[PDB]
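J.: got the complex split up, this is the first portion:
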Amino acid sequence: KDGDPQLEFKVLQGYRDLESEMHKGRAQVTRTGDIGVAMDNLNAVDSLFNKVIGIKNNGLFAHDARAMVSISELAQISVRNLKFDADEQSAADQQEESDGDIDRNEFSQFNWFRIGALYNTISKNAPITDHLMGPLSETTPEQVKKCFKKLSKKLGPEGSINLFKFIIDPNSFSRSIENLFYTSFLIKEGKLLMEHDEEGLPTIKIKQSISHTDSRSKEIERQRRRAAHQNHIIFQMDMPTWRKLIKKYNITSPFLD
Amino acid sequence: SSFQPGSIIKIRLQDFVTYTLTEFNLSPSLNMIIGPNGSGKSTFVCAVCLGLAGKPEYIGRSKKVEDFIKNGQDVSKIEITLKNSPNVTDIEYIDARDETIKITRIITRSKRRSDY
């Protein structure tokens, strides 16, 4: 009796059938109040546990305890029903229980179905009604490379063009924003730089991208270029600001088509 | 203050991880900062957190502050400038009357925790 899977599972099965039969005696006791069911279930479970003696699987103990609790309640209720030959307390459950057809401790469907039905069937209050009349009264890298290629083509390796004259697309604010998107996401790659012209206007020139045969070497070069002193000039670009830049830097054509 | 409380100004990083020097002229209005990592944007957040009396373990990328200095460098500089709110009061060099405060955290590789 120490570890036979068959014994353990048969204990499980007998106990489950025991649970079903105890639910039957649940209703039996609710109508009547028999103690023999409780005592016999106690004996059955104890005998099965005696067989489980030496077998040591937790679930069997858990379910046995469930049985214990159920049987103890069975016995106590049956004794209460034995002491004298309350009735409403019996009845309301029975009312609830008889409104419990189910297939054969929460609140059932027809429980409240019956109860409300009964009251309606019997209420001396007449029913009521209502109404309403009167109350009725390309992915990212591809666009990135396209825009930066156009920028490099119209910029030149050392030619300098003022920043707004390039970033702005005067024909569309949305296209200008997309162009700035692409331009910045290729600036991560490191083929262009920004300097200052004689008048102090920020002019972009092509930062000659050092040809690195190894991709890792090119990535390290990009990381170093990003690590350079980043003059971070951040300006809000809205339609009023976009047109202000258009008028300030004399921008007439889309730099990045 | 004229701006909203705790308005940040340009932040200067120096000898940080890879950034020997950089300065970000920040924006008091809005910041829709879009872009992935590769130069340490999460490391940038760690820098901002640690340089302002914040434990880096809030995210957990890198823990020891002295290691945030650039490789080959034992001293890094973090100048974070804030438009001092009237709320900040009764602290060293801190008053409601104060306008701009520059927290210059010096991270030393010989010190586990930096000197603000």
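T.: Sure, I can see it. Numbering: from 1, shown residues only, chains lettered A, B, ... in the order given.
J.: my read: residue B:45 touches residue B:59, true?
T.: Yes. Applying CB atoms under 8 Å, one finds residue B:45 in contact with residue B:59, separated by 6.8 Å. Where C-beta positions appear, they are placed from N, C-alpha and C, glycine not excepted.
J.: tell me, what's touching the two both at once?
T.: By CB atoms under 8 Å, 6 or more residues apart in numbering or on different chains, residue B:45 and residue B:59 have no common neighbours.
J.: show me what from the stretch 101-250 of chain A comes close to chain B.
T.: A:181, A:184-185, A:188, A:222-224, A:226-234, A:236 (CB under 8 Å from any CB of the partner chain).
J.: most centrally placed residue in chain A?
T.: Nearest to the geometric centre of chain A sits residue A:106, at 27.7 Å (CA atoms, centre = their mean).
J.: just to revisit the earlier point, quick check on the residues of the stretch 101-250 of chain A next to chain B: which are buried?
T.: By neighbour count, with 16 or more other CB atoms under 10 Å in any protein chain shown, these hold A:181, A:185, A:222, A:226, A:227 as buried.
J.: a markdown table for these, including distance to residue A:34?
T.: Shown next, in a markdown table, are these (distance: CB to CB, whole Å):
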| residue | distance to residue A:34 |
| --- | --- |
| A:181 | 81 |
| A:185 | 82 |
| A:222 | 86 |
| A:226 | 85 |
| A:227 | 87 |
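J.: among those residues, which lie within helices?
T.: Judged by DSSP state H, those include A:181, A:185, A:222, A:226, A:227 as members of helices.
J.: one more chain, chain C:
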Amino acid sequence: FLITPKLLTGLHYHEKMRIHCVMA
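T.: With chain C now in place:
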């Protein structure tokens, strides 16, 4: 401040805002 890896189309914008771009 809001940190994003990428950006999408159809972004209705206004004036008081200030769109950024974190580079890393």
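J.: check which residues of the host helix or strand of residue A:120 are buried.
T.: Using DSSP states H and E, residue A:120 maps to helix A:109-122. Counting neighbours by 16+ other CB under 10 Å, one finds that the buried residues in helix A:109-122 are A:111, A:114.
J.: give me the helices and strands touching it, please.
T.: Contact analysis of helix A:109-122 by 3 or more CB pairs under 8 Å, 6 or more residues apart in numbering or on different chains; DSSP states H and E lists helix A:87-98 as its packing neighbours.
J.: in chain C, which residue sits closest to chain A?
T.: Scanning chain C for the residue nearest chain A gives residue C:18, at 3.6 Å (criterion: CB to the nearest CB).
J.: residue contacts, that residue?
T.: A:234, A:236, B:27, B:29, B:30, B:31, B:32 are the contacts of residue C:18 under CB under 8 Å, 6+ apart.
J.: could you rerun that using 6 Å?
T.: The contact partners of residue C:18, taken as CB atoms under 6 Å, 6 or more residues apart in numbering or on different chains, are A:236, B:27, B:29, B:30.
J.: of the residues you listed, buried ones?
T.: Buried, going by 16+ other CB under 10 Å: A:236, B:27, out of the contacts of residue C:18.
J.: give me the subset of the contacts of residue C:18 touching chain C.
T.: A:236, B:27, B:29, B:30 (CB under 6 Å from any CB of the partner chain).
J.: for the last one, grab phi and psi.
T.: Read it as residue B:30. Dihedral pair for residue B:30: phi -160, psi 160, per degrees, to the nearest 10.
J.: chain D next, sequence below:
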Amino acid sequence: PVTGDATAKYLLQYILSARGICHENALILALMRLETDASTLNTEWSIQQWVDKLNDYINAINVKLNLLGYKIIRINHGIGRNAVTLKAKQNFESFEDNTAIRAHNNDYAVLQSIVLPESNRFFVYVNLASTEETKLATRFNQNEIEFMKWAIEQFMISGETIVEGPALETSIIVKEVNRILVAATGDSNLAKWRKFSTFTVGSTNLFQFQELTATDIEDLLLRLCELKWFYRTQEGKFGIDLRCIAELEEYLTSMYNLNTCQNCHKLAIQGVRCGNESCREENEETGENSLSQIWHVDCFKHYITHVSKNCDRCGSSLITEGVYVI
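T.: With chain D added, the chains above now look like this:
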């Protein structure tokens, strides 16, 4: 008679458990229920005879109703006797199955044996008045009305705008459309139009009203659904209930220049109109946007069975120039 008077009483009482609206056939079942309670049943009557005395009682009723600024009308459900009776016998099947536990009497056997003649008619005791007590529904507060009226307006807009695309066969309306078409023409593969419209959308906009919390919203909706003022599509859309319709029927008819059926000349919010826009063009002699002529589904069936397959406003190929109406 006192017998009949108390009958009609109990009828209205059911109507109150019917909360004001009752089926023709359900009323019939109630009749048989009452005659079993009265033990006056004479088996020899066709269902029609029971209907006859029913309506005689009905007239006595509505005599007094008209005395009362309230009234019962009998209408036919726009989804039509056949579809109505399909869903209803889906439950008469659930009914006879449940009554076999109670079919211990030959009366109950006759009840389950009387297959219900298909019928879509209901009777409704409805207000005819607008005065203080009327607005004193006391149902709930004022916002709930105003917003519900707004949603009604939304449904009106939804109905007016025609949406083009494949018909939702998920809607049984389309199924019965096709069934009628096959029954009348025998064309098993007759081409369907893609022009259709309905009011039921806007639940998304129930959640677009912003002046109250979502909870309260939902709960009021549950009331209405229980109160069968609007109705839930299994797709999540909501229309307004047939009886609720009759109420607003007349008010909205006044408010929006609502065209009725063409054969029975009653307003129907479901049926078949002409998909030819010229039939739905404005009658230029009026200057009013003239919605396309549409019969009740039964009215359309009788017309096509007996009159024509072409419009009268426009004459179009209603085989191809139609619009399903939901």
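J.: back to the contacts of residue C:18, now that we've got chain D?
T.: Applying CB under 6 Å, 6+ apart, the residues near residue C:18 are A:236, B:27, B:29, B:30.
J.: where along chain B do the strands fall?
T.: Under the criterion DSSP state E, strands of chain B are mapped to B:7-8, B:11-16, B:19-25, B:75-83, B:100-108.
J.: now do the stretch 51-200 of chain D
T.: Along the stretch 51-200 of chain D, the segments classed as strands by DSSP state E, counting those that start in this stretch run D:70-76, D:121-127, D:163-164, D:195-197.
J.: looking at the ones you listed, which is nearest to chain B?
T.: strand D:163-164 (36.9 Å).
J.: roughly how far apart are the nearest residue to residue D:55 once chain neighbours are set aside and residue D:246?
T.: Distances taken as CB to CB, 6 or more residues apart in numbering or on different chains place residue D:74 nearest to residue D:55, at 7.8 Å, with adjacent residues excluded. Distance, residue D:74 to residue D:246, by CB to CB, to the nearest Å: 11 Å.
J.: just residue D:182 next, same as before
T.: With distances taken as CB to CB, residue D:182 is found 32 Å from residue D:246.
J.: tell me how many other residues surround the closest residue to residue A:100 other than its chain neighbours.
T.: Counting by CB to CB, 6+ apart, residue A:108 is the residue found nearest to residue A:100 once chain neighbours are left out, at 5.2 Å. By other CB atoms under 10 Å in any protein chain shown, 14 other residues sit near residue A:108.
J.: from the centroid of chain C, which residue is nearest?
T.: Centroid-nearest residue in chain C, with CA atoms, centre = their mean: residue C:19, separated by 4.2 Å.
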